[PDB]
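For the numbers below, each heavy atom of this structure counts, side chains included, while hydrogens, waters and symmetry mates do not. Chain letters run A, B, ... following the sequence lines, proteins first, then strands; residues in each count from 1.
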Amino acid sequence: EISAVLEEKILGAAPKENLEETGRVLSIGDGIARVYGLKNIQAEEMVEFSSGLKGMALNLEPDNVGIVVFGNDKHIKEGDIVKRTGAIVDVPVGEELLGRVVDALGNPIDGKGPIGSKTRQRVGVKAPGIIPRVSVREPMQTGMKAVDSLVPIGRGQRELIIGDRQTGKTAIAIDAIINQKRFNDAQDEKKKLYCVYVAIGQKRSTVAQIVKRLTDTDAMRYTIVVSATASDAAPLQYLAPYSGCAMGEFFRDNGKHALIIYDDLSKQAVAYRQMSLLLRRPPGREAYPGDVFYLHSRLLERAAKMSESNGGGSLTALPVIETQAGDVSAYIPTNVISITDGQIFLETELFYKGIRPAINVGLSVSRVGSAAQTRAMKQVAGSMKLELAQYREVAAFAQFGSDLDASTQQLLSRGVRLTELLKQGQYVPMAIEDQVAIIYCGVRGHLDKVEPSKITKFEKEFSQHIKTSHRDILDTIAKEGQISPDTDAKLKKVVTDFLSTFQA
Amino acid sequence: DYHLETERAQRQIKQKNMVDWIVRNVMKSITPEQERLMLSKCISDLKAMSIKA
Amino acid sequence: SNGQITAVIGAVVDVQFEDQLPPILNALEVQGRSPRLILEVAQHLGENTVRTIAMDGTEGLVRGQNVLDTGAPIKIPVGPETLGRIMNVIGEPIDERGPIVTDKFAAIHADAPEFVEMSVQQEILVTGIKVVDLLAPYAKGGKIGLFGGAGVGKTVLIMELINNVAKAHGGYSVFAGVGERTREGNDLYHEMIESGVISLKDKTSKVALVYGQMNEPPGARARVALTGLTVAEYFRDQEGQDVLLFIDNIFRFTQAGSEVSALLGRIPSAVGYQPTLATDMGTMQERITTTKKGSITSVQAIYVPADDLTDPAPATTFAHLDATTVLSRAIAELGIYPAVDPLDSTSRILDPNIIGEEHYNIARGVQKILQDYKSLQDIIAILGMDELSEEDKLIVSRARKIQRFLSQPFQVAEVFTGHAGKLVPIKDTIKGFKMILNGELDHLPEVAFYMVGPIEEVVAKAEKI
Amino acid sequence: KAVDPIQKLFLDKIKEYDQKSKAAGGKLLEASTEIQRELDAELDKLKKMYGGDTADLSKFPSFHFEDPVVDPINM
Ligand SMILES: Nc1ncnc2c1ncn2[C@@H]1O[C@H](COP(=O)(O)OP(=O)(O)OP(=O)(O)O)[C@@H](O)[C@H]1O
Ligand SMILES: Nc1ncnc2c1ncn2[C@@H]1O[C@H](COP(=O)(O)OP(=O)(O)OP(=O)(O)O)[C@@H](O)[C@H]1O
Ligand SMILES: [Mg+2]
Ligand SMILES: [Mg+2]
C-alpha cells in the first residue's frame, strides 16, 4: 500500500531534463535579488532559485533583473542559478483547494498531500469592466442579526470590517463562513457559496485554531485557507490576497459564488511598505508608498457580481482593517473606505460593555443597502432602523431624565430591547427565518413586557416553540416571502399565548 | 477514530523510517562502473538535446 | 521609426530607438501584444532612449520587444459618435457596442485656451440644493469642486447634480470616471439608459462616458481625465455647445501622477508627491474653461486623503475652482446630509451685484450665526448651555435650526434613506432662511427643520408632532 | 524508452526495504533511538487520549449501563 504509493510517486516524478534560460545572482539583500542574465524574461514572470525558492521579476533593467523573493533571503547567495518558469506569476485554482490550507504560492501546508489541480490562474488579472458586471441583488447571509438587518451584504459586494484590535473582526468573518453550511448542504446550487479565508500577517497558531473551528463545524468542506503568517516574508504577505482572490475568481468566472476575507489588509499594507522602503521608493503619508491605494484597489475591484452572459457568478470581499484607538481618519483605512461598498465599524467602547458583536449602528454603512436582502428582512429591518435612530436621538435625555414623557420612555424602552436583540453569541450564526422572527417580535412591541435581561432566553424558547408547534406560520411566510397582516394577527396571538404560558 | 489515528501514526513513522533507510542505502551504494554508465547516458542525453532543435 | 524595449519597471518603460526619437507625449504601440498596449513618451534619457508611461499593464513585456512609433500623441474619437458610448483612456469603446465609427479624432494633449479666449460673464446656476444655492452658488459656466473625504458623500452629491442639472440641460454632457469604482460606472451607465440620457436605439443620446477606474494602471488613471477633457473640448470648440463635464474624481489624476513619478527618477516633493504637482494640475485644469466659442460647466469631485485639506493635492486644486463645496465628516456624523461645510464653501459669485442684495444678506446672515455658534461651542462642550440667558441660547437655538434646515433629502439617495427627494427653488430657499433668521420660527422644534426641503414642510412637520 | 538508472536504483532500494521489513515482521529497519522515542510518544499519547488504560480499545467496549431514573408520582 504505502510502498505502492511511494513507487508511483517516484515513477510519476520524472525529471524531464532540458536546457533552461538561466541567470546569475549578483547581489541579494533586503528581499530583493539582482540577477544577471535572463534576456528573454517577461515582466512579473515567476522564477525559480537554485534553493527552490520562487521569485517575481519586478524590475527589468538593461544590466540586471530585480527579483522579489517569495521567501527568506538567507537561502539565496550571490552566484546562484535562477531559472525561468516561463510563466507570469500564477497559483493553482479549482475545487481541489477546498478543505486545504495553502501558503501564498498555493503550496499545501496542512500536510494532507499534494493538490490535484489541473488549472492555474494569474494573480495579477485585471478586474472586470463596466459591461460584464451587473447590480448586486443576491443576499449574502452572514448569520449575524446586526449585520444581515442593518448592514446587509450582497453577493458581489465589498464590505469592510473595520475596528480596533480584539473587537471581533475575525469573529464576524468566521461566522459568515460557518453560516454557509446550511446553503452548501442544500441542493439549491444558486445559494451555494464557497469561501476563501486569507490570513495576512497573523499568528500561525491563530490560523491553526481557525482551521480547527472550521473543521469541527464542518465548514472546511467549502473553504480555502491561504496563510501568510507573521513569520512569513513580506512578499508572501503581499502576494497572499492576490493568490486567494485568484482562487475565488475561479468560482466567480465559472458560474459559482465565492466569499473572500482578507484578514487583514492593514498588515498587507505594512508588508508592502516594507518592500517599498527596501526598494528605496519615496515614502509618503505614514511612510507608505504612493501606490498603496492601488495596492488595495486593484485587489478589491476583482470582487464583482457578473452578468448572466458571463455565467452569473460573483465574488464577495470582506476586507479587514485594524485601526489605532478608533481612528478611521487615518491614511490606510480611509483608502479602503473609498474602495469598498460600505464598512462595518466595531467599537472598543461597546466591546468593553459586553455588547458583542460591537457593531456601531450609526457608523456602519452598506452602499448596496436593501437591494440585496429578502422581502421579510427588508420590511422588518426598515422599521428597526427607524426605531434605533429614534432611540439614538433621545438617548441624550436618559442621562438626567428622572421625569420623562411617556412617548420618550417608550422610545427608550423599545431601543433597549432592540439593542439587546442584536446581541449574539460567537460561533452561533442564525438562519434568516430565525433572524426575521426575532427582529419582528422586538420591533412590534412584543418585548415591551419582557425584561431586557431575559431576551436571549426568550429568543431560544420562543423560536423553539415556533419550530415545533407553529410550523404552519413559517410555511406561510416562506411561501409568501413576507409577513401578511393575517400572519401578523396569528403571531400576535401566539406571542400572547407564549408569554402567558411562561408566566401568569 | 482511535484505529485511524493509530494507523496514521504507524504510517508516518514507517514513512520516515523508509525515507532515511533509502537515503542511507542510496548514498552508500556508489559504484564506478555504474557512474561511468550514467556519465555516458548524460552525454548522450546532452547530445540528443542538441539534435532536438 | 522602430524601437526596442530597454527596461520595464512598473508602469514606466524605457524604449531605445535607432534612427529618430519620437517627441515627448507621442504615442507608442507595442507589437507583440494581443490587446493594444500604448506607451506615452515622457522624457528623453539620452543615448537615443526615451522613457515612456504605459496606458495598460506591463506584464509579459520582454526587453528587446519591438515598439512602433505612431508619430502622434494619443488620439481619441470625438464628436456626436461618442454620445451614448463608453470609451477608455485610448478611445477604445468598452461598451461592447462595436467600434466608434467617426472621421474626427483629437489628441488628448492640447494647449489651454489663451487669455484672449476668455469669458468674464458669470450667471448663477440654480441646483435645487439649499446649502449650495444659498451659501456657495454655482456659476452657469465655471469650475465647481466637491472636496470631501471617503464616505462623506461626493458620488451621491455629483449624482444629484446629474439628476437635477444634466436632465434638463440644452446641450451635451461628459462624465469622466477617474479612478473610482467600476460598480459606480455600471450603476451610472444603467441610470443613463433608464433615464433616457443614453439611447441605445437611436442617436438621441446626450452624454459621453469616459472611464478609467481604480483597477487601471497608474498610466491610464493619470491620462483618462485628459480623454474626458478632449471629448468636452470638441463639443465646446468645434460645435459651440454648452457642455457639462462631471469628473469623479480628479484627485486620482494627481495620485496616479505621484505613482508614476516614483519610477521616473524624480526627487520627491512634499508629502511624497511629484515635483510637477502644480504644473501638471494647472495644465489639465486650464483646459477646462468657458471660452468665447462655447461654455463648459465642470463639476469635479475631489478626494482629500486622511480628511486633510492641507494636503498638497487638494490645496492646489482650490485655486482652480470658481465655486468650492467642502464636505465634512463631522457634519455627516451628525446626520446632516448633504454634509457641506457652511464656513468652508465659497462660490466667487457670492456678490450683491450678481445674486442680489437679499440673497447675499441672508447667506452672510446664516454664516454669521453659524460662526458665532462655532465660537460658543467650546463653552457648550465643557460647561453647558448656561450662558448669557436669552442672548446666546437664542444664537444656539437659531444656529441649530439653520444646521437642520441646511440638510435636504436627495432624489438619488431616496433608495437607502426612505425620505422622498426634494428639489427646492432658490426663492423658497432664501425665504426659508430669512424666516429662521428673523426669529419667526423660534417656537418650532428643531427636529421639524431636519431633512425637509421647503420651509412649508418644516411647519407641516412641526404641526404633525 | 530507457528508464533513469537512479529511478531503477530507487525502486531496488524500495524492494530491498520491503523484503527486509517483511523478513522482520513489519518492524523498523535500523531505526535510531529518536525514532523509537517518537513511536513510543505517539502510542502513549493515543493511549492517554482515547483512554486505553481502562479498557481494551482493540476489542468491543464493555458497556456498563444502568436503569433510567423515573421521577416519583407527586412533586
Ligand atoms: N459575539 C461574541 N460573543 C462572544 N465572544 C466574542 C464575540 N465576538 C468576539 N468574541 C471574542 O472576543 C475576542 C476578540 O475577538 P476576535 O479575536 O474575533 O477579534 P479581532 O478583531 O480578530 O482581534 P485580532 O486583533 O486578534 O485580530 C475573542 O476571544 C472572541 O472569542
Ligand atoms: N445626500 C446623502 N443623503 C444620505 N446619505 C448620504 C448622502 N451622501 C452620502 N451619504 C451616505 O454616505 C455614503 C457615501 O456615499 P458616496 O459614495 O457619495 O461617498 P464618497 O465621498 O464618494 O466616498 P468614496 O470615497 O467611497 O467614493 C452613502 O452610501 C450614504 O450612506
Ligand atoms: Mg482578528
Ligand atoms: Mg465617491
Side-chain angles (χ1 to χ4, degrees), chain A residues 19-28 32-49 54-70 76 78-90 122 124 279-281, chain C residues 1-22 24 26-70 217-219 260 262-265:
Chain A
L19 290 94
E20 308 182 23
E21 172 180 343
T22 51
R24 217 67 172 263
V25 179
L26 290 173
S27 58
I28 171 66
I32 288 292
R34 300 229 161 266
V35 172
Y36 176 80
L38 310 168
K39 286 194 177 183
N40 302 327
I41 201 183
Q42 304 165 341
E44 305 184 29
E45 178 179 324
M46 177 151 282
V47 306
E48 307 176 1
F49 288 93
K54 299 309 182 67
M56 176 197 295
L58 187 68
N59 298 11
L60 301 194
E61 297 205 7
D63 48 328
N64 64 92
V65 170
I67 290 186
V68 175
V69 179
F70 294 134
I76 305 181
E78 161 192 343
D80 286 339
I81 301 295
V82 193
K83 305 167 297 178
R84 286 184 57 197
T85 331
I88 311 177
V89 172
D90 58 335
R122 299 216 248 258
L279 274 168
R280 296 279 174 176
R281 290 175 171 175
Chain C
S1 177
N2 181 271
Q4 286 186 158
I5 288 179
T6 314
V8 176
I9 303 177
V12 161
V13 185
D14 296 7
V15 188
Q16 186 179 23
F17 286 82
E18 41 180 5
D19 197 10
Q20 285 194 183
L21 286 185
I24 299 183
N26 262 38
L28 307 185
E29 183 175 324
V30 190
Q31 289 304 284
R33 304 282 281 190
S34 182
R36 273 219 303 171
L37 175 56
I38 299 299
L39 314 174
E40 191 197 64
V41 180
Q43 54 202 56
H44 291 13
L45 304 180
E47 293 287 336
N48 291 125
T49 303
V50 298
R51 176 165 294 165
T52 62
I53 308 163
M55 298 296 119
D56 208 359
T58 52
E59 71 281 336
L61 290 185
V62 311
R63 291 165 299 175
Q65 189 169 170
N66 296 131
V67 173
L68 190 65
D69 181 24
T70 64
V260 180
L263 309 169
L264 293 172

Where is the tightest heavy-atom contact between [X] and [Y], given as atom of each residue plus distance?
| X | Y | value |
| --- | --- | --- |
| C:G219 | C:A11 | N-CB, 4.5 Å |
| C:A42 | C:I24 | O-CG2, 3.4 Å |
| A:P62 | C:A7 | CD-CB, 3.9 Å |
| A:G66 | A:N64 | N-OD1, 4.0 Å |
| C:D69 | C:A27 | OD1-O, 3.8 Å |
| C:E18 | C:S1 | OE2-OG, 4.0 Å |

Could you grab the distance from atom [atom1] of [X] to atom [atom2] of [Y], nearest 0.5 Å is fine?
| X | Y | atom1 | atom2 | answer |
| --- | --- | --- | --- | --- |
| A:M56 | A:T85 | CE | OG1 | 11.0 Å |
| A:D63 | A:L26 | CG | CG | 8.0 Å |
| C:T6 | C:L45 | OG1 | CG | 9.0 Å |
| C:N26 | C:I38 | CG | CD1 | 11.5 Å |
| C:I9 | A:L279 | CD1 | CG | 9.5 Å |
| C:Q31 | C:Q65 | CD | CD | 8.5 Å |

Check whether any side-chain heavy atom of [X] sits under 4.5 Å from a side-chain heavy atom of [Y], and report yes or no.
| X | Y | result |
| --- | --- | --- |
| C:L28 | C:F17 | yes |
| A:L38 | A:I67 | yes |
| C:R63 | A:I41 | yes |
| C:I5 | A:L60 | no |
| A:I76 | A:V25 | yes |
| C:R36 | C:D56 | no |
| A:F49 | A:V82 | yes |
| C:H44 | C:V50 | yes |

- Item | Step-by-step side chain to side chain contact (heavy atoms under 4.5 Å, CB included) determination, C:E59 to C:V8 | CA-CA 9 Å; C:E59 71 281 336; C:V8 176; over 6 Å; no
- Task: Show the numbers, then the answer: is there a side chain to side chain contact (heavy atoms under 4.5 Å, CB included) between A:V35 and A:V47?
- Result: CA-CA 11 Å; A:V35 172; A:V47 306; over 6 Å; no
- Message: Just checking C:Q20: does its CD atom have more than 12 heavy atoms from other residues, nucleotides or ligands closer to it than 6.0 angstrom?
- Response: no
- Task: Check for a donor-acceptor pair, side chain of C:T58 on one end and backbone N or O of C:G10 on the other, with a separation under 3.5 Å.
- Result: yes
- Item | Heavy-atom donor-acceptor pair, A:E45 side chain to A:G86 backbone, under 3.5 Å | yes
- Message: If the test is side-chain contact (heavy atoms from CB on, under 4.5 Å), which one of C:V13, C:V12, C:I53 qualifies with C:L263?
- Response: C:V12
- Query: Checking side-chain contact (heavy atoms from CB on, under 4.5 Å) against A:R84, which of A:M46, A:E48, A:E20, A:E21 comes through?
  - Reply: A:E21
- Message: Among residues at least two apart in sequence or on other chains, which ones pass side chain to side chain donor-acceptor pair (under 3.5 Å) with C:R51?
- Response: C:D14
- Query: Can C:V15 and C:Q4 be said to form a side chain to side chain contact (heavy atoms under 4.5 Å, CB included), step by step?
  - Reply: CA-CA 5 Å; C:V15 188; C:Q4 286 186 158; 5.7 Å; no
- Message: If you apply the rule side chain to side chain contact (heavy atoms under 4.5 Å, CB included), what do you find for A:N59 with A:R34, and how did you get there?
- Response: CA-CA 9 Å; A:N59 298 11; A:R34 300 229 161 266; 4.0 Å; yes
